[PDB]
Structures are given as C-alpha cells and as structure tokens.
$ cat entry-v5.cif   # mmCIF, C-alpha atoms and all ligand atoms
data_query
loop_
_atom_site.label_atom_id
_atom_site.label_comp_id
_atom_site.auth_asym_id
_atom_site.auth_seq_id
_atom_site.Cartn_x
_atom_site.Cartn_y
_atom_site.Cartn_z
CA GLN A 5 79.57 -64.94 138.63
CA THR A 6 81.79 -67.98 139.28
CA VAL A 7 84.38 -66.68 141.81
CA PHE A 8 82.59 -66.81 145.14
CA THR A 9 79.78 -68.62 146.84
CA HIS A 10 76.67 -66.66 147.58
CA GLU A 11 77.53 -66.72 151.28
CA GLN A 12 81.00 -65.29 150.85
CA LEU A 13 79.72 -62.44 148.68
CA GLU A 14 77.09 -61.65 151.32
CA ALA A 15 79.85 -61.59 153.95
CA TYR A 16 81.98 -59.14 151.94
CA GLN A 17 78.96 -56.89 151.54
CA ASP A 18 78.27 -57.23 155.27
CA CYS A 19 81.81 -56.18 156.26
CA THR A 20 82.63 -53.50 153.69
CA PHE A 21 80.88 -50.46 152.27
CA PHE A 22 80.63 -52.14 148.86
CA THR A 23 77.79 -53.50 146.77
CA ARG A 24 78.01 -56.96 145.23
CA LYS A 25 78.83 -55.33 141.87
CA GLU A 26 81.65 -53.34 143.48
CA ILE A 27 83.05 -56.40 145.26
CA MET A 28 83.20 -58.20 141.93
CA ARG A 29 84.94 -55.31 140.17
CA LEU A 30 87.52 -55.02 142.93
CA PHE A 31 88.13 -58.76 142.93
CA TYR A 32 89.06 -58.60 139.27
CA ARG A 33 91.36 -55.66 139.99
CA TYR A 34 93.07 -57.69 142.71
CA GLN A 35 93.41 -60.75 140.49
CA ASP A 36 94.90 -58.61 137.70
CA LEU A 37 97.68 -57.44 140.05
CA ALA A 38 99.28 -60.89 139.94
CA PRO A 39 97.39 -62.85 137.26
CA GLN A 40 99.70 -65.92 137.42
CA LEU A 41 99.27 -66.10 141.21
CA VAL A 42 95.69 -65.16 142.12
CA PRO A 43 93.15 -67.85 141.19
CA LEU A 44 89.80 -67.17 139.61
CA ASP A 45 87.95 -69.57 141.98
CA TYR A 46 87.70 -68.41 145.59
CA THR A 47 84.97 -70.85 146.64
CA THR A 48 87.64 -73.13 148.17
CA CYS A 49 88.98 -70.26 150.34
CA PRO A 50 92.50 -70.27 148.85
CA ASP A 51 95.24 -68.71 150.99
CA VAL A 52 96.88 -66.23 148.60
CA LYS A 53 98.82 -63.03 149.19
CA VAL A 54 99.80 -60.53 146.52
CA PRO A 55 103.31 -59.20 147.28
CA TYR A 56 103.46 -55.60 148.46
CA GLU A 57 105.35 -54.48 145.34
CA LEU A 58 102.39 -55.41 143.11
CA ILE A 59 99.95 -53.52 145.36
CA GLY A 60 101.92 -50.31 145.80
CA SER A 61 102.59 -50.08 142.08
CA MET A 62 98.91 -50.27 141.09
CA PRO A 63 97.63 -47.08 139.41
CA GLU A 64 95.49 -45.99 142.35
CA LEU A 65 98.37 -46.15 144.85
CA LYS A 66 101.62 -45.66 142.98
CA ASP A 67 101.63 -41.88 143.51
CA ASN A 68 100.36 -41.97 147.12
CA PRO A 69 103.30 -41.07 149.39
CA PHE A 70 101.85 -43.35 152.08
CA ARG A 71 101.25 -46.40 149.90
CA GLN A 72 103.69 -48.58 151.82
CA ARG A 73 102.21 -47.71 155.24
CA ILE A 74 98.66 -48.12 153.94
CA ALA A 75 99.38 -51.61 152.64
CA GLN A 76 101.29 -52.52 155.82
CA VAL A 77 98.45 -51.44 158.11
CA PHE A 78 95.79 -53.32 156.15
CA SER A 79 97.88 -56.40 155.43
CA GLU A 80 97.37 -59.55 157.50
CA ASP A 81 100.89 -59.65 158.94
CA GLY A 82 101.90 -56.00 158.73
CA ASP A 83 104.38 -56.51 155.88
CA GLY A 84 102.23 -55.18 153.03
CA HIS A 85 101.50 -58.57 151.42
CA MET A 86 97.73 -58.68 151.01
CA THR A 87 94.99 -61.27 150.85
CA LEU A 88 91.80 -60.39 149.00
CA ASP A 89 90.21 -59.78 152.44
CA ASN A 90 92.94 -57.24 153.25
CA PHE A 91 92.62 -55.54 149.85
CA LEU A 92 88.87 -55.09 150.17
CA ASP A 93 89.21 -53.78 153.73
CA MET A 94 91.74 -51.23 152.52
CA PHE A 95 89.69 -49.96 149.60
CA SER A 96 86.50 -50.01 151.69
CA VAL A 97 88.09 -47.51 154.12
CA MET A 98 89.42 -45.49 151.18
CA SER A 99 86.01 -45.38 149.48
CA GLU A 100 83.65 -42.44 149.20
CA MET A 101 81.18 -44.27 151.49
CA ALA A 102 83.47 -44.47 154.54
CA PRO A 103 82.74 -41.95 157.32
CA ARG A 104 85.40 -39.30 157.85
CA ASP A 105 85.95 -40.30 161.49
CA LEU A 106 86.64 -43.86 160.33
CA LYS A 107 89.17 -42.63 157.78
CA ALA A 108 90.70 -40.62 160.65
CA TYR A 109 91.00 -43.78 162.74
CA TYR A 110 93.01 -45.56 160.08
CA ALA A 111 94.94 -42.41 159.15
CA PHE A 112 96.16 -42.34 162.74
CA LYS A 113 97.41 -45.93 162.40
CA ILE A 114 99.13 -45.14 159.13
CA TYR A 115 100.80 -41.95 160.36
CA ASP A 116 101.93 -43.62 163.62
CA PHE A 117 105.06 -44.73 161.80
CA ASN A 118 106.51 -46.65 164.80
CA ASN A 119 103.23 -48.19 166.01
CA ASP A 120 103.48 -46.90 169.58
CA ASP A 121 99.88 -45.50 169.61
CA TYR A 122 100.97 -41.86 169.56
CA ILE A 123 101.78 -39.46 166.76
CA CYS A 124 104.86 -37.64 168.04
CA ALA A 125 106.73 -34.73 166.52
CA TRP A 126 108.84 -37.15 164.45
CA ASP A 127 105.73 -38.95 163.15
CA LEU A 128 104.17 -35.57 162.33
CA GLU A 129 107.29 -34.34 160.54
CA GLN A 130 107.42 -37.45 158.36
CA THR A 131 103.71 -37.16 157.65
CA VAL A 132 103.76 -33.46 156.76
CA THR A 133 106.88 -33.81 154.61
CA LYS A 134 105.23 -36.63 152.67
CA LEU A 135 101.90 -34.82 152.39
CA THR A 136 103.73 -31.71 151.12
CA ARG A 137 105.80 -33.60 148.53
CA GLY A 138 109.13 -32.39 149.91
CA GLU A 139 108.61 -28.82 148.71
CA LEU A 140 108.80 -27.31 152.21
CA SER A 141 112.10 -26.69 153.94
CA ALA A 142 112.88 -29.17 156.72
CA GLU A 143 112.87 -26.07 158.92
CA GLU A 144 109.36 -25.15 157.79
CA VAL A 145 108.01 -28.70 158.05
CA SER A 146 109.15 -28.72 161.68
CA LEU A 147 107.35 -25.44 162.33
CA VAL A 148 104.13 -26.71 160.75
CA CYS A 149 104.22 -29.70 163.09
CA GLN A 150 104.69 -27.44 166.10
CA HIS A 151 101.54 -25.62 165.02
CA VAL A 152 99.52 -28.83 164.74
CA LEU A 153 100.60 -29.94 168.22
CA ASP A 154 99.77 -26.59 169.80
CA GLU A 155 96.31 -26.93 168.25
CA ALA A 156 95.58 -30.62 168.86
CA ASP A 157 97.68 -31.94 171.78
CA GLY A 158 94.93 -31.69 174.36
CA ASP A 159 96.91 -32.84 177.41
CA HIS A 160 100.13 -30.97 176.53
CA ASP A 161 102.37 -34.04 176.61
CA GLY A 162 103.80 -33.08 173.21
CA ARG A 163 102.21 -35.85 171.19
CA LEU A 164 98.89 -36.83 169.68
CA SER A 165 96.82 -39.70 170.97
CA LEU A 166 94.24 -41.32 168.70
CA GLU A 167 91.64 -39.08 170.33
CA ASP A 168 93.81 -35.97 169.87
CA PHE A 169 94.09 -36.83 166.17
CA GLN A 170 90.48 -37.80 165.44
CA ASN A 171 89.19 -34.64 167.12
CA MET A 172 91.66 -32.50 165.12
CA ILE A 173 90.22 -33.98 161.92
CA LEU A 174 86.65 -33.56 163.18
CA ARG A 175 87.28 -29.84 163.66
CA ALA A 176 88.72 -29.47 160.12
CA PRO A 177 86.11 -30.29 157.46
CA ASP A 178 87.22 -30.69 153.83
CA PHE A 179 85.99 -27.39 152.47
CA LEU A 180 87.47 -28.01 149.01
CA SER A 181 85.84 -31.42 148.49
CA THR A 182 82.92 -29.78 146.67
CA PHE A 183 84.89 -28.76 143.61
CA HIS A 184 85.84 -32.18 142.32
CA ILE A 185 84.07 -34.65 140.06
CA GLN B 5 81.46 -29.49 112.78
CA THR B 6 79.32 -26.42 112.32
CA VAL B 7 78.71 -25.53 115.96
CA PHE B 8 81.39 -22.85 116.41
CA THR B 9 83.72 -20.56 114.54
CA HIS B 10 87.45 -21.15 114.73
CA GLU B 11 87.69 -17.95 116.80
CA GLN B 12 85.02 -19.09 119.24
CA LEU B 13 86.81 -22.38 119.82
CA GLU B 14 90.10 -20.51 120.28
CA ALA B 15 88.49 -18.14 122.80
CA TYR B 16 87.03 -21.08 124.75
CA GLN B 17 90.31 -22.98 124.77
CA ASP B 18 91.94 -19.76 126.01
CA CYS B 19 89.61 -18.91 128.85
CA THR B 20 88.79 -22.42 130.12
CA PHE B 21 91.21 -25.20 131.06
CA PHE B 22 89.92 -27.33 128.19
CA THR B 23 91.20 -28.07 124.70
CA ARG B 24 89.12 -27.32 121.61
CA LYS B 25 88.18 -31.03 121.38
CA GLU B 26 87.14 -31.15 125.03
CA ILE B 27 84.98 -28.07 124.44
CA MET B 28 83.24 -29.76 121.51
CA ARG B 29 82.56 -32.83 123.63
CA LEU B 30 81.24 -30.70 126.50
CA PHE B 31 78.95 -29.05 123.95
CA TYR B 32 77.60 -32.51 123.10
CA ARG B 33 76.83 -32.99 126.81
CA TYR B 34 75.05 -29.61 127.04
CA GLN B 35 73.03 -30.20 123.87
CA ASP B 36 72.16 -33.71 125.15
CA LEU B 37 70.31 -32.28 128.16
CA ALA B 38 67.72 -30.38 126.08
CA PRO B 39 68.16 -31.41 122.45
CA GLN B 40 65.25 -29.43 121.00
CA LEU B 41 66.20 -26.34 123.04
CA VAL B 42 69.95 -26.12 122.37
CA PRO B 43 70.64 -25.34 118.70
CA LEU B 44 73.47 -26.96 116.78
CA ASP B 45 74.84 -23.69 115.28
CA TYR B 46 76.36 -21.43 117.93
CA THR B 47 78.26 -19.22 115.46
CA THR B 48 75.62 -16.49 115.96
CA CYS B 49 75.86 -16.78 119.79
CA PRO B 50 72.22 -17.76 120.39
CA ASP B 51 70.70 -16.83 123.75
CA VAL B 52 69.71 -20.16 125.30
CA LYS B 53 69.60 -21.50 128.84
CA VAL B 54 69.21 -25.09 130.00
CA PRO B 55 66.98 -25.16 133.11
CA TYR B 56 68.49 -25.83 136.51
CA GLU B 57 66.37 -28.97 136.81
CA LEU B 58 68.30 -30.60 133.96
CA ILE B 59 71.68 -29.29 135.16
CA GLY B 60 71.25 -30.59 138.69
CA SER B 61 70.35 -34.06 137.41
CA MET B 62 73.72 -34.56 135.75
CA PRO B 63 75.91 -37.28 137.32
CA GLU B 64 78.59 -34.71 138.08
CA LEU B 65 76.12 -32.88 140.31
CA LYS B 66 73.12 -34.98 141.24
CA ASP B 67 74.80 -36.37 144.39
CA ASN B 68 76.63 -33.14 145.33
CA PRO B 69 74.90 -31.50 148.32
CA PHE B 70 75.88 -28.07 146.91
CA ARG B 71 74.57 -28.66 143.38
CA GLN B 72 71.99 -25.90 143.72
CA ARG B 73 74.55 -23.35 144.94
CA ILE B 74 77.08 -24.40 142.30
CA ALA B 75 74.57 -23.93 139.47
CA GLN B 76 73.39 -20.62 140.97
CA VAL B 77 76.91 -19.23 141.18
CA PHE B 78 77.91 -20.17 137.64
CA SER B 79 74.54 -19.29 136.10
CA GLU B 80 74.27 -15.95 134.33
CA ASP B 81 71.37 -14.71 136.47
CA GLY B 82 71.95 -16.68 139.69
CA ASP B 83 68.91 -18.94 139.24
CA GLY B 84 70.75 -22.07 138.11
CA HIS B 85 69.65 -21.82 134.47
CA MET B 86 72.78 -22.04 132.42
CA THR B 87 74.06 -20.79 129.12
CA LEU B 88 76.73 -22.81 127.35
CA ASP B 89 79.33 -20.33 128.60
CA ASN B 90 78.13 -20.82 132.22
CA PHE B 91 78.23 -24.61 131.75
CA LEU B 92 81.77 -24.57 130.36
CA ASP B 93 82.96 -22.27 133.16
CA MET B 94 81.47 -24.55 135.81
CA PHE B 95 83.09 -27.66 134.39
CA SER B 96 86.37 -25.78 133.93
CA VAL B 97 86.51 -24.84 137.63
CA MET B 98 85.44 -28.35 138.69
CA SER B 99 88.08 -29.96 136.47
CA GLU B 100 91.29 -31.55 137.71
CA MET B 101 93.23 -28.91 135.76
CA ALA B 102 91.82 -26.01 137.77
CA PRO B 103 94.35 -24.59 140.27
CA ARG B 104 93.53 -25.18 143.92
CA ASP B 105 93.61 -21.43 144.57
CA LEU B 106 90.81 -21.01 142.01
CA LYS B 107 88.76 -23.84 143.50
CA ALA B 108 89.10 -22.11 146.88
CA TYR B 109 87.76 -18.85 145.44
CA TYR B 110 84.67 -20.60 144.10
CA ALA B 111 84.20 -22.63 147.26
CA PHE B 112 83.95 -19.31 149.11
CA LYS B 113 81.38 -18.01 146.62
CA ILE B 114 79.25 -21.16 146.98
CA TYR B 115 79.39 -21.19 150.81
CA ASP B 116 78.48 -17.46 150.90
CA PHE B 117 74.82 -18.44 150.60
CA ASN B 118 73.43 -14.89 150.73
CA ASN B 119 76.19 -13.48 148.48
CA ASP B 120 77.15 -10.70 150.91
CA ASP B 121 80.92 -11.40 150.57
CA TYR B 122 81.34 -13.08 153.98
CA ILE B 123 80.78 -16.55 155.39
CA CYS B 124 78.88 -15.81 158.60
CA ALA B 125 78.05 -18.39 161.27
CA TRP B 126 74.76 -19.21 159.48
CA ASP B 127 76.49 -19.77 156.13
CA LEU B 128 79.10 -21.90 157.87
CA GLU B 129 76.50 -24.02 159.61
CA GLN B 130 74.70 -24.69 156.36
CA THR B 131 78.05 -25.47 154.75
CA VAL B 132 79.34 -27.86 157.42
CA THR B 133 75.95 -29.57 157.70
CA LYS B 134 76.11 -30.32 153.99
CA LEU B 135 79.76 -31.37 153.96
CA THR B 136 79.35 -33.84 156.82
CA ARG B 137 76.23 -35.48 155.33
CA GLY B 138 74.65 -36.46 158.60
CA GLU B 139 77.80 -37.95 160.10
CA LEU B 140 77.72 -35.24 162.79
CA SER B 141 74.87 -34.30 165.09
CA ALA B 142 73.51 -30.78 164.99
CA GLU B 143 75.28 -30.15 168.30
CA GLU B 144 78.61 -31.38 166.86
CA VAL B 145 78.15 -29.25 163.73
CA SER B 146 77.63 -26.15 165.88
CA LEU B 147 80.73 -26.91 167.93
CA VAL B 148 82.78 -27.42 164.76
CA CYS B 149 81.52 -24.16 163.21
CA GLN B 150 82.36 -22.17 166.34
CA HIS B 151 85.87 -23.66 166.32
CA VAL B 152 86.38 -22.97 162.61
CA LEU B 153 85.38 -19.35 163.12
CA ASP B 154 87.43 -18.92 166.28
CA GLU B 155 90.55 -20.18 164.52
CA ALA B 156 90.12 -18.63 161.07
CA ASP B 157 88.42 -15.26 161.73
CA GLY B 158 91.44 -13.02 161.36
CA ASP B 159 89.87 -9.71 162.38
CA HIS B 160 87.44 -11.25 164.91
CA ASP B 161 84.37 -9.67 163.28
CA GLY B 162 82.56 -13.02 163.64
CA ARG B 163 82.65 -13.91 159.97
CA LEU B 164 85.06 -15.21 157.35
CA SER B 165 86.23 -12.87 154.61
CA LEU B 166 87.63 -14.33 151.40
CA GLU B 167 91.09 -13.67 152.90
CA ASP B 168 90.09 -15.52 156.08
CA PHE B 169 88.83 -18.50 154.09
CA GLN B 170 91.87 -18.59 151.82
CA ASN B 171 94.27 -18.53 154.77
CA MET B 172 92.31 -21.25 156.54
CA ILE B 173 92.65 -23.61 153.60
CA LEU B 174 96.36 -22.78 153.25
CA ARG B 175 97.02 -23.03 157.00
CA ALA B 176 97.04 -26.78 157.47
CA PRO B 177 97.55 -29.99 155.51
CA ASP B 178 94.58 -32.08 154.54
CA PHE B 179 95.52 -35.09 156.62
CA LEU B 180 92.81 -37.20 154.99
CA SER B 181 93.56 -36.31 151.38
CA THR B 182 95.56 -39.50 151.00
CA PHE B 183 92.59 -41.59 152.23
CA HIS B 184 90.21 -40.88 149.31
CA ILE B 185 91.00 -43.53 146.72
CA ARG B 186 88.28 -44.56 144.27
CA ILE B 187 88.36 -47.91 142.48
CA CA A 201 96.78 -54.63 132.88
CA CA A 202 104.26 -43.09 167.05
CA CA A 203 98.71 -35.45 173.83
CA CA A 204 93.08 -22.26 128.51
CA CA A 205 69.27 -36.42 125.85
CA CA A 206 77.23 -14.47 153.56
CA CA A 207 80.22 -33.72 150.10
CA CA A 208 87.15 -15.82 169.45
CA CA A 209 94.69 -21.66 167.76
CA CA A 210 86.68 -11.94 159.73
CA CA A 211 84.68 -8.99 167.81
#

$ encode --input "entry-v5.cif" --output "structure tokens"
Amino acid sequence: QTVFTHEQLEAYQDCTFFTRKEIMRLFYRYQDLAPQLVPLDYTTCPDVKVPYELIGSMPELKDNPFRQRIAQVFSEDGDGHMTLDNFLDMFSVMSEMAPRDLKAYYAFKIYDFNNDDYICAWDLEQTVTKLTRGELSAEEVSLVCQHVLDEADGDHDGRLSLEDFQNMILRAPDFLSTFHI
Amino acid sequence: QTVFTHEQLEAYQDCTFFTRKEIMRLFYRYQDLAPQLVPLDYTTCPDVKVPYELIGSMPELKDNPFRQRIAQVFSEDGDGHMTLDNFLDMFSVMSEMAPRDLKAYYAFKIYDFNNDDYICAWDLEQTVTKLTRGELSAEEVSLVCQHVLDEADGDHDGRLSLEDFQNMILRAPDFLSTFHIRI
C-alpha cells in the first residue's frame, strides 16, 4: 500500500465503519472516477474534489433518485463536489454496518430539500414521488404524504422535525430485508 | 453435462427465476457443499439432502439472523435439510428477479415461527429482535412491536394475518431503501 500513511489509514478506520481493506478498495473506486485528476499519493494531503457529475454517474448511484441530494449533503461545500473524505463518509453511512437510526439521521438531511430542518408536505411529496419512480398520480402522492404526517407529526404542526422522522423510521423495521443476498 | 435431462432443465428454468445455465451453476454450488453425498447424475431424481449445518454456513446465509428459519421453510421436511429442489427454490425467492410480492409471502412464512398462519406478538418480537441486531433495547423492541401490531392488525385480533402483513408492507414507502448502497 503506497497511497496513505499508516496514521491516515488508522484515522479513516477510526471515523468510518470500514476496515483498512475496505478503505483501500473505496479509495481506488474514488480515484477511478476521475483518473486524470485524483492522484495516487495521498500522503501529502492533496486538496482534490471530484466534480458532482462524476460521482452521481458512478454505477452505485446513477439509478438512485436522490443521488444529487446525497452528494450535496456529504460534500464539503454542499455543491456535490467531493473530497475523498466526503466520499468515504457518504459510503460509510450507506454501508451495511451503519445503524438504521444513523441512516435515518442523514435521510432526514437529504429529504429536507430546502435545508430548513423540517420535512414539510412539499419535501414529503418530492421524496415520495422520487421513491415511487413517478408511477403514482400527483393526486395519490399527495394523499400518501398526508398519511405519513398524520402518523408521524407528533406535535401537529403539519411538518416533520428530525425527531418526528427518526421515530417514524424506528417504528417501521425493514421486514423485507431478509430476502436479499 | 450429464447431471440433468433436457426436460429437467426446462422444468427448472420454468418454475424458478433462473436460466438453464444458472441452474447448472447452482447445482455446482449444491454439489460443492457435500461432494461425496450429492451425486453427479440427477436424471433418475435421486433422493438426497444436504444437512442444514452445511446450508447455513453458506455466505448467502451465514450472517443472516433468519438463516435457520429460511432453511426450515424451504426444506422438504421443515428441518433445514435440503434437496436440490429446495435449494433452487430458496435461491430463486432470494434472487433479485423474484417479485417483491413473492418475497413478502415468504417473509411472512419465515416470521410465522410456529407455522400457525399468523404473526402473533411473540413471533413479531422474535422477528424485530433479529432484524434490529441489537441496535434497539428489549424495551424499544417491545414498543415497536406493539406499534406495528396496533397499526397493521386489520381485524384487531391481536395478530397479523398474511393479508395484514401484505398490506403493511404496501402501506408505506421504505424511506431508507435509498440509503443501502454497497461498494
Ligand atoms: Ca472503468
Ligand atoms: Ca424542509
Ligand atoms: Ca411536527
Ligand atoms: Ca422461469
Ligand atoms: Ca466443497
Ligand atoms: Ca405464528
Ligand atoms: Ca438483518
Ligand atoms: Ca389497538
Ligand atoms: Ca394510525
Ligand atoms: Ca389480524
Ligand atoms: Ca380485539
């Protein structure tokens, strides 16, 4: 391994859910996104960002309806252009090892399309339309979002706080997760 | 390849979601588990089971908290010891090609631990405890199970029918589905 110093690999393992072997694999994925831009020596702490377009188009994200928001939220400046640090943070949260309540924390940030710390009916409608791939009628999307609010809006102000949202997820385990390899 | 007749491979391609070639390669995986137990000629339909202990050690299952229940449900006799047909059926349902409505049916079967056709509060507790993998306290699991029942139990008999379970899954979006990305 000639990319990082021992210390900086220990730090990545300390601040993500990944093993050293996983950090190395993901580094090479990141470098391969923009091979004429990303250097192969990170021991000098280069300041490098891969443009959003080359992140969102990667195989693991290109079909995710929230790829732009995901990259924005994890990017250093909120514009989707990502350092290696940002990239590893993103995939650490997306990994199998991340607790569900932690995924729910970042999902809130991603679905809060206007970054006002609430998921309102408009944020919900955008989210549900995206999640459902545009196959529901705008009229039916709106009705689904009404249902979610009636269930989860604990203080009846018509919108979901972070706590509203995380507790909704907590009460809804992923019963179909068993039947996947 | 002298493992199967043309008609056997056609029947497997029909009933599973796999191609003939994928069936052959799944056979290699089954035979690999117990290579002096599983014969190479299946044209006579030999009666052979691979023990649960070998099934549950597969990578597809060894880290799945429900591996015992999965093997039990797909096994011919409910003990986790699997014929080739059981093995193919299991992988077919677990495959990406399997419709979500079919995965939901088998999820219900697996979570119905005592096979009495309902998910009661005890089944649900065992299920949610396994799905949350220690992330929740026992107290939190109980509170979640009571909520799940209260919201999904259509006829308020205190248990989930297959209809109740199906409607629950259909009722709301998986808000975290877009946050499971392996690399
Ligand atoms: Ca390439
Ligand atoms: Ca908002
Ligand atoms: Ca609220
Ligand atoms: Ca078929
Ligand atoms: Ca072997
Ligand atoms: Ca039962
Ligand atoms: Ca699990
Ligand atoms: Ca009730
Ligand atoms: Ca309700
Ligand atoms: Ca019921
Ligand atoms: Ca009652």

$ interface_residues --input "entry-v5.cif" --of "chain B" --to "chain A" --cutoff "6 Å" --atoms "only C-alpha atoms" --output "VMD selection string"
chain B and resid 64 98 148 183 to 186

$ atom_distance --input "entry-v5.cif" --atom1 "atom CA of residue 87 of chain B" --atom2 "atom CA of residue 53 of chain B"
4.5 Å

$ residues_around --input "entry-v5.cif" --residues "residue 144 of chain A" --least-positions-apart "6" --cutoff "10 Å" --atoms "all atoms listed in the file" --output "MDAnalysis selection string"
chainID A and resid 129 133 150

$ closest_atom_pairs --input "entry-v5.cif" --of "chain B" --to "ligand CA 207 (chain A)" --cutoff "7 Å" --atoms "all atoms listed in the file" --output "JSON lines"
{"residue": "B:68", "atom": "CA", "partner": "A:CA207", "partner_atom": "CA", "distance": 6.0}
{"residue": "B:69", "atom": "CA", "partner": "A:CA207", "partner_atom": "CA", "distance": 6.0}
{"residue": "B:134", "atom": "CA", "partner": "A:CA207", "partner_atom": "CA", "distance": 6.6}
{"residue": "B:135", "atom": "CA", "partner": "A:CA207", "partner_atom": "CA", "distance": 4.5}
{"residue": "B:136", "atom": "CA", "partner": "A:CA207", "partner_atom": "CA", "distance": 6.8}
{"residue": "B:137", "atom": "CA", "partner": "A:CA207", "partner_atom": "CA", "distance": 6.8}

$ closest_atom_pairs --input "entry-v5.cif" --of "chain A" --to "ligand CA 202 (chain A)" --cutoff "9 Å" --atoms "only C-alpha atoms and all ligand atoms" --output "JSON lines"
{"residue": "A:113", "atom": "CA", "partner": "A:CA202", "partner_atom": "CA", "distance": 8.8}
{"residue": "A:115", "atom": "CA", "partner": "A:CA202", "partner_atom": "CA", "distance": 7.6}
{"residue": "A:116", "atom": "CA", "partner": "A:CA202", "partner_atom": "CA", "distance": 4.2}
{"residue": "A:117", "atom": "CA", "partner": "A:CA202", "partner_atom": "CA", "distance": 5.6}
{"residue": "A:118", "atom": "CA", "partner": "A:CA202", "partner_atom": "CA", "distance": 4.8}
{"residue": "A:119", "atom": "CA", "partner": "A:CA202", "partner_atom": "CA", "distance": 5.3}
{"residue": "A:120", "atom": "CA", "partner": "A:CA202", "partner_atom": "CA", "distance": 4.6}
{"residue": "A:121", "atom": "CA", "partner": "A:CA202", "partner_atom": "CA", "distance": 5.6}
{"residue": "A:122", "atom": "CA", "partner": "A:CA202", "partner_atom": "CA", "distance": 4.3}
{"residue": "A:123", "atom": "CA", "partner": "A:CA202", "partner_atom": "CA", "distance": 4.4}
{"residue": "A:124", "atom": "CA", "partner": "A:CA202", "partner_atom": "CA", "distance": 5.6}
{"residue": "A:125", "atom": "CA", "partner": "A:CA202", "partner_atom": "CA", "distance": 8.7}
{"residue": "A:126", "atom": "CA", "partner": "A:CA202", "partner_atom": "CA", "distance": 7.9}
{"residue": "A:127", "atom": "CA", "partner": "A:CA202", "partner_atom": "CA", "distance": 5.9}
{"residue": "A:128", "atom": "CA", "partner": "A:CA202", "partner_atom": "CA", "distance": 8.9}
{"residue": "A:163", "atom": "CA", "partner": "A:CA202", "partner_atom": "CA", "distance": 8.6}
{"residue": "A:164", "atom": "CA", "partner": "A:CA202", "partner_atom": "CA", "distance": 8.7}

$ residues_near_ligand --input "entry-v5.cif" --ligand "ligand CA 208 (chain A)" --cutoff "8 Å" --atoms "all atoms listed in the file" --output "ChimeraX atom specification"
/B:153-155,157,160,162

$ residues_near_ligand --input "entry-v5.cif" --ligand "ligand CA 205 (chain A)" --cutoff "10 Å" --atoms "all atoms listed in the file" --output "PyMOL selection string"
chain B and resi 32-40

$ residues_around --input "entry-v5.cif" --residues "segment 17-19 of chain A" --least-positions-apart "4" --cutoff "10 Å" --atoms "only C-alpha atoms" --output "list in words"
residues 11, 12, 13, 23, 24, 25, 26, 27, 89, 92, 93 and 96 of chain A

$ write_last_selection --input "entry-v5.cif" --atoms "C-alpha atoms" --output "short mmCIF file (atom, residue, chain, number, x, y, z; two decimals), in the coordinates of the input"
data_model
loop_
_atom_site.label_atom_id
_atom_site.label_comp_id
_atom_site.auth_asym_id
_atom_site.auth_seq_id
_atom_site.Cartn_x
_atom_site.Cartn_y
_atom_site.Cartn_z
CA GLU A 11 77.53 -66.72 151.28
CA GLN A 12 81.00 -65.29 150.85
CA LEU A 13 79.72 -62.44 148.68
CA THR A 23 77.79 -53.50 146.77
CA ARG A 24 78.01 -56.96 145.23
CA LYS A 25 78.83 -55.33 141.87
CA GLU A 26 81.65 -53.34 143.48
CA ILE A 27 83.05 -56.40 145.26
CA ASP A 89 90.21 -59.78 152.44
CA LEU A 92 88.87 -55.09 150.17
CA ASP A 93 89.21 -53.78 153.73
CA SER A 96 86.50 -50.01 151.69
#

$ atom_distance --input "entry-v5.cif" --atom1 "atom CA of residue 145 of chain A" --atom2 "atom CA of residue 168 of chain A"
19.9 Å

$ residues_near_ligand --input "entry-v5.cif" --ligand "ligand CA 201 (chain A)" --cutoff "12 Å" --atoms "all atoms listed in the file" --output "PyMOL selection string"
chain A and resi 32-39+58+61-63

$ residues_around --input "entry-v5.cif" --residues "residue 107 of chain B" --least-positions-apart "4" --cutoff "7 Å" --atoms "only C-alpha atoms" --output "MDAnalysis selection string"
(chainID A and resid 183) or (chainID B and resid 97 102:103 111)

$ atom_distance --input "entry-v5.cif" --atom1 "atom CA of residue 108 of chain B" --atom2 "atom CA of ligand CA 210 (chain A)"
16.6 Å

$ residues_around --input "entry-v5.cif" --residues "segment 17-27 of chain B" --least-positions-apart "5" --cutoff "8 Å" --atoms "only C-alpha atoms" --output "MDAnalysis selection string"
chainID B and resid 92:93 96 99 101:102

$ write_last_selection --input "entry-v5.cif" --atoms "C-alpha atoms" --output "compact mmCIF listing (two decimals), in the coordinates of the input"
# COMPACT_ATOMS: atom_id res chain seq x y z
CA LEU B 92 81.77 -24.57 130.36
CA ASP B 93 82.96 -22.27 133.16
CA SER B 96 86.37 -25.78 133.93
CA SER B 99 88.08 -29.96 136.47
CA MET B 101 93.23 -28.91 135.76
CA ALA B 102 91.82 -26.01 137.77

$ residues_around --input "entry-v5.cif" --residues "residue 146 of chain B" --least-positions-apart "3" --cutoff "10 Å" --atoms "all atoms listed in the file" --output "VMD selection string"
chain B and resid 125 to 126 128 to 129 132 to 133 140 to 143 149 to 152

$ residues_near_ligand --input "entry-v5.cif" --ligand "ligand CA 206 (chain A)" --cutoff "12 Å" --atoms "all atoms listed in the file" --output "PyMOL selection string"
chain B and resi 112-131+162-166

$ closest_atom_pairs --input "entry-v5.cif" --of "chain A" --to "ligand CA 203 (chain A)" --cutoff "8 Å" --atoms "all atoms listed in the file" --output "JSON lines"
{"residue": "A:156", "atom": "CA", "partner": "A:CA203", "partner_atom": "CA", "distance": 7.6}
{"residue": "A:157", "atom": "CA", "partner": "A:CA203", "partner_atom": "CA", "distance": 4.2}
{"residue": "A:158", "atom": "CA", "partner": "A:CA203", "partner_atom": "CA", "distance": 5.4}
{"residue": "A:159", "atom": "CA", "partner": "A:CA203", "partner_atom": "CA", "distance": 4.8}
{"residue": "A:160", "atom": "CA", "partner": "A:CA203", "partner_atom": "CA", "distance": 5.4}
{"residue": "A:161", "atom": "CA", "partner": "A:CA203", "partner_atom": "CA", "distance": 4.8}
{"residue": "A:162", "atom": "CA", "partner": "A:CA203", "partner_atom": "CA", "distance": 5.6}
{"residue": "A:163", "atom": "CA", "partner": "A:CA203", "partner_atom": "CA", "distance": 4.4}
{"residue": "A:164", "atom": "CA", "partner": "A:CA203", "partner_atom": "CA", "distance": 4.4}
{"residue": "A:165", "atom": "CA", "partner": "A:CA203", "partner_atom": "CA", "distance": 5.5}
{"residue": "A:168", "atom": "CA", "partner": "A:CA203", "partner_atom": "CA", "distance": 6.3}

$ closest_residue --input "entry-v5.cif" --among "B:72, B:170, B:90, B:181" --to "ligand CA 210 (chain A)" --atoms "only C-alpha atoms and all ligand atoms"
B:170
